[PDB]
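S.K.: Please read through the structure below; I'll follow up with questions.
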Amino acid sequence: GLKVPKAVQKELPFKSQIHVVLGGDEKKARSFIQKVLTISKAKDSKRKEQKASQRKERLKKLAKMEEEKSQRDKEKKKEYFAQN
Amino acid sequence: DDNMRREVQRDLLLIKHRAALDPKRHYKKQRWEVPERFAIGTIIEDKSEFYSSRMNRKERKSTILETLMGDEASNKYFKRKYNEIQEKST
Amino acid sequence: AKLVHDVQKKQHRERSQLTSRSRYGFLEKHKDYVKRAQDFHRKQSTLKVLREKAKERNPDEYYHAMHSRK
Amino acid sequence: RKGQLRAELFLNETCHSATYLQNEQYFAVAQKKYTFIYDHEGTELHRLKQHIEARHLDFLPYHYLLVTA
Amino acid sequence: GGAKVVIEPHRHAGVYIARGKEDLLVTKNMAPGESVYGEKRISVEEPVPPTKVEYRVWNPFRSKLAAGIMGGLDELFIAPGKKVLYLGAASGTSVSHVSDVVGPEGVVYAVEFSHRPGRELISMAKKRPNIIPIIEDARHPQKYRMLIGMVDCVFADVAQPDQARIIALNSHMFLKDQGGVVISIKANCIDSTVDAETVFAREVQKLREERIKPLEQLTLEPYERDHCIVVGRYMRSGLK
Amino acid sequence: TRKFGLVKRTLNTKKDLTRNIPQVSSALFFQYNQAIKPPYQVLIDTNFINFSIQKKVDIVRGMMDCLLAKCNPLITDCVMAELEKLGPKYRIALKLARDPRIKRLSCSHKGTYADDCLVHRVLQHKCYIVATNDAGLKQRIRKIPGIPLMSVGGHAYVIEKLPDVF
Amino acid sequence: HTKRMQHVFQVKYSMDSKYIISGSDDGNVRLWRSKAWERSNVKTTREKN
Amino acid sequence: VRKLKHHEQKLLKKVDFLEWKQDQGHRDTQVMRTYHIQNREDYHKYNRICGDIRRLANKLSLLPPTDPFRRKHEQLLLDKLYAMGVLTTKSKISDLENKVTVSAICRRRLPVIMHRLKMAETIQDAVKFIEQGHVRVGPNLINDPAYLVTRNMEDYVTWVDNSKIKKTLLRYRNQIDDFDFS
Amino acid sequence: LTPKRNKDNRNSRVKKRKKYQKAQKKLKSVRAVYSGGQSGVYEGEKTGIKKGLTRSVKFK
Amino acid sequence: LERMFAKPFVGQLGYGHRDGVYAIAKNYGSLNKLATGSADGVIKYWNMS
Ligand SMILES: [Zn+2]
């Protein structure tokens, strides 16, 4: 964890300062909902990182193909200004 | 309101979390924040519909959470996935 | 693979941590080192900006929340 | 006629004379030097850069002309 | 067939979503304690003494308007205030849902030509008040001009290949200005020779030459093959 | 009772979810458009008619010889607006647009921008085959996925994006 | 005048003195109002006055 | 005044009761709301000074580039505007037309530098404090918010002692010494 | 010294059978193609319904 | 106001003729119809409502 010294955490500006239950079916159902919640959370985190790693290769492929198309267009306007 | 929200505070959260309740569906993506006006209610069955999709008398669990608690194969899937999640997160 | 073979670009398995020194196991390699070192750089950078705020505290720092905070 | 406060303002400098513009909705006050015109509820709308002082205002109502001297 | 499902208002007023595990589309019944068609009803209890009110599941495989709804239309004109002229109302398949999405205040003039679906339609119509059964041919709106007055949306589920003349004559006679027009087009019943969106283009052009400006169309493909829901409005003044 | 920090109040100079993504067509395969088949409906426009006359290629027999099917040339009245507004140097194009083979549509949009009317009533339907000769209109059309378009060149029409041209 | 009308050959006046029918040489026959600023609906008597 | 109809809006376009041409976009009103200027005419008694120094820099640029009167008075004026803190660097004489602003000569006022060095938290609260008489610059107390400071006196802007806001912040940090009477 | 080739590419018909099979299942995602109608009894569309989304083409 | 309301063109009628209108005759006993003949040979009887 982020550990700070006491000599610098006791001396800081104000705004930038690091500032009954049932036994049984109720609590087992609450842990059941906790189970399905962490299931859903790990699942769609997997989904979102998969999408981000997909748009990684999308960005790289698009970047190299726009690079070569931009150089082809620049040699096109180069020869167009060369045929003056 | 917050007088029956104790009874229905779970089931709307799992309906929000329908995407991983059963590993055979993949409902399409929407956030579905809890709406301001809604109402629970049960299906009633067509009188010619019989032997096919009617749930029996002693099979009618009076809550969707109890009906989901019903089948231990679904709960077995919950158990095995939560166990592999627990051992991979510890 | 432009003009190379699969046996030209095959694989290079990594050696594991030794068994003599196995009490403090898991020899860490270059990707583990950069994974540790960028985190340590991040923690040192936020410590530096905290020390800078501290020595530029300006002790006339008044708000209205210093009757709930103590 | 009915007692109705529309705009009541104490502005610190001296005011020689003032008038309404076309309705109760706008009134121009000839202040210490600059002539100001005001909305119905007392907000100011224009500090006239011209009319470098004023003593007598009038309003030609069909011409919509605020005249100052 | 006995589980519990929550209700939620849709974008269009009057129609409701029933979100459960799967999520149905549903409407609020006019005639409680009964199912006309053979659909499933979801009954809720409002808590005063407590009332028991029921909601009929709208089957998109059996009614083209419910196909268009959950295929996604940007707007209908079947609002819970309006009046609806249902051209080609065969049975209580869709007209019951259009009736109780209109509600207890407004009328659905349902027309029909054939006699056996007409008589089971009037036997349906005795049980909910707000629909008006007509047993006339739709080609002659003159012979039922006596009894429908200035409807503000028309729906057309007629399936005979003079649809444009049908909807043109009926909309000229009874549809009020800036009023809604919803068409279900069936390409195999207009003409089987040429292809589906060619006949959709023909019928869209016949609409806008009959100065019904078309705003929107939909293919409703995962439910039925080769139909199109065209929504337009009767411009009647300034088509441009 | 008097308030602190008052300003002469002036006028505040400043302070006084149905998404729609259009679904791809039922007629469309990946880029094939499996539901155009003879007989075709060919939208026409102004530079196409002018270029066709100055290349002396007939309209209906030119389309039949280019495409080997019955073609129904279709002129929007908004493009006949432009072909009228070109002036008296194109009266030949006008009285060849007035032709009972060339059945004409009816538009509904203010003004007479025929290129936007063409691209709109194409991408509503994807059943038409566009005849044109405009470069920018050609670029709009070959940007939208999978309609065919034709253009006069040499001394016959050529057809670009249609599979069963032979 | 309009840009699309050309060599206008036969112009006649409709029988209620309100519209001007202009048949040109480019084919089209057009309608015009005579009083080009008035409009052709019934008017309440304050508008008429 | 009525959100006029289409023909009325066409028949009079140039009407605008709210914003005339000679308001110059209401910039005096806008910047006095921005910097919470109490009195009227303070913008224009700043703008007279801004126009005055660009007039004098105009005349000094007009004077030829060799004589010591011109070069001494231009470096003298540049150092005087640095010493009043209107600038921030001793920059070129082109910044005597790009950089002198009525917003800058407002930005050296007392409540805005008070909010700048976080003594208050908003400039309205700063005018509240120095109208209640809590602050001083060096020895002498400040009662009016029109006192703009110099480059020298951005360091001794401190409250007076027995100012109970000073007492409450010291007792917040519980460094409240009370032998020094505050 | 060849790369790893493919039994799929060995038969010039089969790869066109086994990539038409994919192109069937690809445009299950692009559009919502018809499938055969109401297969069982209608027990819901089994995959969700959303409100703020209309997939219907508008006319300019 | 009349210079900003002078919008005189009503609309044409039909898709126009083929070659160019050379003869037009209103009927002198009814309002909303007139006959129109164009010099390719084609004559029509327009309803103007
Ligand atoms: Zn058009």
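Labels used: A, B, ... for chains in the order of the structure tokens, numbers from 1 for residues in each chain, and numbers from 1 for ligands as shown.
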Env of residue 225 (chain E): 10 Å cut, atoms = only C-alpha atoms, seq-sep filter 2 positions within chain, self excluded. Answer as a list in words.
M.R.: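 Once the adjacent positions are removed, what remains is residues 186, 187, 188, 196, 219, 220, 221, 222, 223, 227 and 228 of chain E; 26 of chain F; 33, 34, 35, 36 and 37 of chain I.
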S.K.: List as a VMD selection string the protein and nucleic acid residues lying within 8 Å of ligand 1, with only C-alpha atoms and all ligand atoms counted.
M.R.: chain F and resid 76 to 79 106 to 109 112 to 114 117 to 118
S.K.: One number please: CA of residue 22 (chain F) to CA of residue 57 (chain I), in Å, one decimal.
M.R.: 4.8 Å
S.K.: Have a look at A:65, A:33, A:82, A:21 and name the one nearest to chain B; count only C-alpha atoms.
M.R.: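 Between A:65, A:33, A:82, A:21, the residue approaching chain B most closely is A:33.
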S.K.: One number please: CA of residue 67 (chain F) to CA of residue 128 (chain F), in Å, one decimal.
M.R.: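 One can read the CA of residue 67 (chain F) to CA of residue 128 (chain F) distance as 13.9 Å.
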S.K.: Just list as a list in words whatever in chain C DSSP marks as helix (DSSP H, G or I).
M.R.: residues 30, 31, 32, 33, 34, 35, 36, 37, 38, 39, 40, 41, 42, 43, 44, 45, 46, 47, 48, 49, 50, 51, 52, 53, 54 and 55 of chain C
S.K.: Those same residues - N, CA, C and O atoms - I'd like them written as a short mmCIF file (atom, residue, chain, number, x, y, z; two decimals), in the first residue's frame.
M.R.:
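Below is the file that was written, out.cif:
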```cif
data_model
loop_
_atom_site.label_atom_id
_atom_site.label_comp_id
_atom_site.auth_asym_id
_atom_site.auth_seq_id
_atom_site.Cartn_x
_atom_site.Cartn_y
_atom_site.Cartn_z
N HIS C 30 12.53 -10.14 -16.40
CA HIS C 30 12.57 -8.74 -16.80
C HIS C 30 11.19 -8.10 -16.82
O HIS C 30 11.03 -6.94 -16.43
N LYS C 31 10.17 -8.85 -17.25
CA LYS C 31 8.82 -8.29 -17.25
C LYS C 31 8.29 -8.13 -15.83
O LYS C 31 7.59 -7.15 -15.55
N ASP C 32 8.69 -9.02 -14.92
CA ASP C 32 8.33 -8.86 -13.52
C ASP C 32 9.02 -7.65 -12.93
O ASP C 32 8.43 -6.91 -12.12
N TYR C 33 10.27 -7.42 -13.34
CA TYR C 33 11.02 -6.29 -12.81
C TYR C 33 10.43 -4.98 -13.27
O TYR C 33 10.36 -4.03 -12.49
N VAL C 34 10.04 -4.88 -14.54
CA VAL C 34 9.48 -3.61 -14.98
C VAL C 34 8.09 -3.43 -14.40
O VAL C 34 7.69 -2.29 -14.09
N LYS C 35 7.37 -4.53 -14.15
CA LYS C 35 6.09 -4.45 -13.47
C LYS C 35 6.24 -3.96 -12.04
O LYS C 35 5.35 -3.28 -11.52
N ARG C 36 7.36 -4.27 -11.39
CA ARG C 36 7.59 -3.74 -10.05
C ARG C 36 8.12 -2.31 -10.09
O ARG C 36 7.72 -1.47 -9.28
N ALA C 37 8.99 -2.01 -11.05
CA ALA C 37 9.70 -0.74 -11.04
C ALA C 37 8.83 0.42 -11.47
O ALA C 37 9.00 1.53 -10.96
N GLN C 38 7.87 0.20 -12.39
CA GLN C 38 6.99 1.31 -12.73
C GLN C 38 6.04 1.63 -11.58
O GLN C 38 5.72 2.81 -11.36
N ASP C 39 5.66 0.62 -10.80
CA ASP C 39 4.84 0.87 -9.62
C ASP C 39 5.62 1.63 -8.56
O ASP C 39 5.08 2.55 -7.92
N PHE C 40 6.88 1.26 -8.36
CA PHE C 40 7.71 1.99 -7.41
C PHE C 40 7.97 3.43 -7.87
O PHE C 40 8.01 4.34 -7.03
N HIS C 41 8.11 3.64 -9.18
CA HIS C 41 8.23 5.00 -9.70
C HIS C 41 6.98 5.81 -9.44
O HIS C 41 7.05 6.99 -9.10
N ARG C 42 5.81 5.17 -9.59
CA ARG C 42 4.54 5.85 -9.33
C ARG C 42 4.43 6.26 -7.87
O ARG C 42 4.02 7.40 -7.56
N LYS C 43 4.81 5.37 -6.96
CA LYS C 43 4.73 5.69 -5.54
C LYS C 43 5.73 6.76 -5.14
O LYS C 43 5.41 7.64 -4.33
N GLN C 44 6.93 6.76 -5.74
CA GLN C 44 7.88 7.81 -5.42
C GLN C 44 7.44 9.15 -5.98
O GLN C 44 7.67 10.20 -5.36
N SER C 45 6.78 9.15 -7.14
CA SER C 45 6.32 10.40 -7.72
C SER C 45 5.20 11.02 -6.90
O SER C 45 5.20 12.24 -6.66
N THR C 46 4.26 10.20 -6.42
CA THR C 46 3.20 10.80 -5.60
C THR C 46 3.72 11.20 -4.22
O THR C 46 3.23 12.18 -3.65
N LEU C 47 4.76 10.52 -3.71
CA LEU C 47 5.39 11.01 -2.49
C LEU C 47 6.10 12.34 -2.71
O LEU C 47 6.08 13.21 -1.83
N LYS C 48 6.71 12.53 -3.88
CA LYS C 48 7.38 13.79 -4.15
C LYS C 48 6.39 14.94 -4.26
O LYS C 48 6.63 16.03 -3.72
N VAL C 49 5.25 14.71 -4.92
CA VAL C 49 4.29 15.79 -5.03
C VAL C 49 3.62 16.06 -3.68
O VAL C 49 3.26 17.21 -3.37
N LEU C 50 3.55 15.04 -2.81
CA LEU C 50 3.03 15.28 -1.47
C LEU C 50 3.98 16.13 -0.64
O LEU C 50 3.55 17.04 0.07
N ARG C 51 5.28 15.84 -0.73
CA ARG C 51 6.26 16.66 -0.02
C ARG C 51 6.29 18.09 -0.55
O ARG C 51 6.52 19.03 0.23
N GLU C 52 6.04 18.27 -1.85
CA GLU C 52 6.02 19.62 -2.40
C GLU C 52 4.82 20.41 -1.91
O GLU C 52 4.96 21.59 -1.56
N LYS C 53 3.64 19.78 -1.86
CA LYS C 53 2.47 20.44 -1.27
C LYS C 53 2.70 20.78 0.19
O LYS C 53 2.32 21.86 0.66
N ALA C 54 3.37 19.87 0.91
CA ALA C 54 3.63 20.07 2.32
C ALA C 54 4.53 21.27 2.56
O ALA C 54 4.23 22.12 3.40
N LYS C 55 5.62 21.37 1.81
CA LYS C 55 6.49 22.52 2.04
C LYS C 55 5.97 23.80 1.39
O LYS C 55 6.48 24.87 1.71
#
```
S.K.: For residue 29 (chain B), list every protein, DNA or RNA residue within 10 Å, evaluated using only C-alpha atoms, and leave out those in the same chain fewer than 6 positions away; present the list as a ChimeraX atom specification.
M.R.: /B:19 /I:47-50
S.K.: So that I can see what lies close to residue 69 (chain C), please list as a PyMOL selection string the residues with an atom at most 10 Å from it, counting only C-alpha atoms and leaving out residues fewer than 5 positions away in the same chain.
M.R.: (chain A and resi 14+19) or (chain C and resi 64) or (chain H and resi 172-173)
S.K.: Write to file, as a short mmCIF file (atom, residue, chain, number, x, y, z; two decimals), in the first residue's frame, the residues of the selection just made, with N, CA and C atoms.
M.R.:
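Done, and the output landed in out.cif:
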```cif
data_model
loop_
_atom_site.label_atom_id
_atom_site.label_comp_id
_atom_site.auth_asym_id
_atom_site.auth_seq_id
_atom_site.Cartn_x
_atom_site.Cartn_y
_atom_site.Cartn_z
N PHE A 14 -5.23 21.76 3.68
CA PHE A 14 -6.47 21.12 4.10
C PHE A 14 -7.12 20.35 2.97
N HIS A 19 -7.79 12.12 3.81
CA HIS A 19 -8.70 12.12 4.95
C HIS A 19 -8.86 10.73 5.53
N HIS C 64 -14.16 26.64 5.29
CA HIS C 64 -15.25 26.56 6.26
C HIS C 64 -15.42 25.17 6.83
N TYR H 172 -8.15 24.32 14.89
CA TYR H 172 -8.35 23.15 14.05
C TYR H 172 -7.07 22.33 13.99
N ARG H 173 -5.95 22.99 13.77
CA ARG H 173 -4.68 22.26 13.76
C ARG H 173 -4.19 21.92 15.16
#
```
